[PDB]
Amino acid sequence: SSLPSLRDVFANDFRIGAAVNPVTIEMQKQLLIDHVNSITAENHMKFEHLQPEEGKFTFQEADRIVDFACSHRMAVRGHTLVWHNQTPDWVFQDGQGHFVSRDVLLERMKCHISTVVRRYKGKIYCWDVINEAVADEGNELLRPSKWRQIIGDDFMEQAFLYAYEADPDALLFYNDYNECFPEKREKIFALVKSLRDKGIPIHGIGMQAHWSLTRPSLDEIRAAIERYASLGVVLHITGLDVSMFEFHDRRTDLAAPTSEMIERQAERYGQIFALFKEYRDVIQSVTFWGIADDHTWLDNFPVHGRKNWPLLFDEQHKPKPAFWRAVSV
């Protein structure tokens, strides 16, 4: 009751969001009502959860998420239309198991985007149209995917044009992770610059911020913000969490975070939100990929079956030390 509300603390800076599903909306309902003014579907607006078979649309769970958000004056970010994961095999196949043509995959992509975006038009204000198309390793610009293989390299500009036609008032985003490592930052910058230089309706870059205690550095975060902001696009932080484990640290035995971990995490969140506040003119939304440590995808990624403690509230929904530093910047 005397705890500050995240969305009020940052009222003049950016919206505060959380990724949810209908279970976690129930299990974490009071945290959400007390703190966020933005909602993202953690899984139930991905292609496999909206059109699991061709012409079979399953909007029920996404509807419950949107209904919750509208009944509490929360905005909604749509996630996500075209992605190399969580997309059923039928999308790329014909009746005979072969791959479909460029023209056929384009009409399936258009129909999906059209049906999904039209249903939520006027309730969902922005869409992650393309998710994680840039390569995470190597020297090529683009990751391989059936979207890219079948259609060609312009599959992304098609996706953006189809979504703009379906809802020209939505802000359309390119969304990606490890967005602050310099070599991937430059690929993301080059890709988005080239699309905008063609007049493609891409309005925003989504910085997932699946970060650790050490990586990326505050200087890499600042440089990435300024690099993306220089394109004239809107910036959203879309999946923020702060893992207690570096990428090399695949330990399964840890039953509670050390007090060093907890303290470094608090400091890390303080520095991150100070940096965000400083760039309040280009960042308009900060969404955590969860809200409290009783639900996080990091419990099973990248290591199945361990436990992580990445968010501002603990498993009993009490503020962590990180909370106090985050709201005091």
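From 1 onward, residues are counted along the sequence shown.
task: Using only the Cα atoms and their B-factors as the entry lists them, report which of 271 to 279 and 32 to 40 averages higher.
output: Of 32 to 40 and 271 to 279, the stretch with the higher C-alpha B-factor average is 271 to 279.
task: Tell me which of 234 to 242 and 81 to 89 has the higher mean C-alpha B-factor in the deposited entry.
output: The recorded data point to 81 to 89.
query: Which of these, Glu263, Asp299, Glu53, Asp63, has its C-alpha atom at the highest B-factor, as the entry lists it?
result: It is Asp299.
- request: For the C-alpha B-factor as written in the entry, point me to the maximum among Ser217, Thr258, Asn175, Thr115.
  value: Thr258 has the highest C-alpha B-factor of those listed.
message: Split into thirds by Cα B-factor across the chain's modelled residues, where does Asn131 land: lowest, middle or highest?
response: For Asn131, the deposited C-alpha B-factor lands in the lowest third.
task: Would you mind checking where the Cα B-factor of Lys320 ranks among the modelled residues of its chain, as the lowest, middle or highest third?
output: Tercile = lowest for this residue's CA B-factor.
task: Please place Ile200 in the lowest, middle or highest third of its chain by C-alpha B factor as given in the entry.
output: It falls in the top third of the chain.
- prompt: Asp253's Cα B-factor: lowest, middle or highest third of the chain?
  reply: It falls in the top third of the chain.
query: Once the chain's modelled residues are ordered by C-alpha B factor and cut into thirds, is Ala18 in the lowest, middle or highest one?
result: Ranked within chain, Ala18 CA B lands in the lowest tercile.
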